[PDB]
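Reading through the structure tokens given below for one structure.
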Amino acid sequence: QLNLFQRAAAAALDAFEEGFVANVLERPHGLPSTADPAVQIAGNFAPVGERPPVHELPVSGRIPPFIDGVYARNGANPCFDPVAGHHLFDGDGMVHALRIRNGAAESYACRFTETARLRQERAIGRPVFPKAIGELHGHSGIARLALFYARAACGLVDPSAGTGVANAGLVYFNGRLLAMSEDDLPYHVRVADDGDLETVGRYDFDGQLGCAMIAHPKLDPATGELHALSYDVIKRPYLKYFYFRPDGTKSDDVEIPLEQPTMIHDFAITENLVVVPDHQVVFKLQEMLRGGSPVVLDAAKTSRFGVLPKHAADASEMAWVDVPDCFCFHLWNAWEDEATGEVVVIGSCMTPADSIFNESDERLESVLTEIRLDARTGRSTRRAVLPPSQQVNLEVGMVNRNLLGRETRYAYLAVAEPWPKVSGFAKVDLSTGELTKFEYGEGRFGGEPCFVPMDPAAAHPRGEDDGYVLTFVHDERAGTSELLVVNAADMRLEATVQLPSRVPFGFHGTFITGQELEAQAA
Ligand SMILES: [Fe+2]
Ligand SMILES: [O-]
């Protein structure tokens, strides 16, 4: 229960939101297919209510009994159908977890991460927090921001606890499953012993983490250190680098001064150095006082990759290498080529001739690239991994987790091939550029293949590709959703698990070992 003044404020604010902000500022102008929910949400992209744990899911084929863990997958799932204006990325975070051990699928569960934002929107039964891309990047964006801060002025909303949406991927670090938020602190999620998922709360690393960090921090296989970047779009140092030890101890911040505020979705790691991608997509907040998006692509700016020693004391140790006209949203892997002293970076990029309208137009390519950096000389190299015969769109993917920052010959990646739909996944030979596809079959689509390495006793440390791929699939002429189990080495289906409900499309997934799960403690 609110007030009597403020109860009557909220009433009037709602009426204003609808009769003015919506009806005057918004409804008379169309809605780009990139903020239009009928597009963004349509089909299997559409959200799904929580399934509390369902046990002994029906399995065909033979799940290898040695496999023992949880496959967990984050993604966007707007609790309430959004009032106009919404991009696929804007939605509430939801995790799907499937317990696997002894040839069994012990439990499927799916749950929202209980974000300060959702907790408040549940209270009212309505969206109230503005959509970041779909509302705030629009022309009404400023008005929308005012409507919110007006409501917040009447104690009707509280941004004070962060307004992140925790939908952009997961890591398992020092016994905690963390739900990654682009513009907020991580949320701690407890994988429950019954198979369920409970949101512990908003995680700042024991007092240490004060700002928002990027949603792709990298965990070194050897050191157990978790390496992170944070960018602040406002104050002087627009980019920090720091890490955490297994002791959960935080390093001193290494400031990376940049000329302007650069958006940085992802970065990469090597044995001894971090690889930061400084690209052309940039923050010009000015734009928003005009009808414009604050996220601009700066044609003028020169794309580059910084190489910085992991235990650096000062920014002066950073080595900037120009790679003109390259943007990559994700960097699968990077490694130190000892034979050259070069740094090899494997990711997937687009070479933008693009203008202002970022998406309402045509021809979006996204190409698996080998980028070679030679820090001392500053000259670089950029080639497509696949020959122009079997050039195929290869989206979100993974390299063997244990070989992170070391040289890997195989990558596994989404075959986005009726563009945004994923018809399969491919095993890639990053040296030779050969591939084999696993076709999902007619009318069936997925996303991020999760490679699980058969933890050990093969050679001694196993062969690079002695593992398994786990992907959710989704049948059209739709029955339910399955999770396949494919043998990474001979790229062959072995087990097929049916999920009770429907697993909607998602973002980054991860695999927690059984014995990894043991450390949980919360
Ligand atoms: Fe990502
Ligand atoms: O992400």
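Chain A is numbered as in Swiss-Prot, which gives 83-604 for the residues shown.
Using the three backbone atoms N, Cα and C, a Cβ is placed for every residue, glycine included.
As given in Swiss-Prot:
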- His298, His347, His412, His590: Fe cation binding site (BINDING)
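Feature map: Swiss-Prot annotations on the structure.
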residue : record                 : Cβ within 10 Å
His298  : Fe cation binding site : 21
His347  : Fe cation binding site : 16
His412  : Fe cation binding site : 19
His590  : Fe cation binding site : 23
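Mapped onto three states, the DSSP output places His347 (Fe cation binding site) in coil.
One way to see the shell of the Fe cation site is to take the Cβ centroid of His298, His347, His412, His590; the remaining same-chain residues with a Cβ within 8 Å of it are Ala250, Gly251, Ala297, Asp348, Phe411, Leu413, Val478. Look at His412 (Fe cation binding site): DSSP puts it in a strand.
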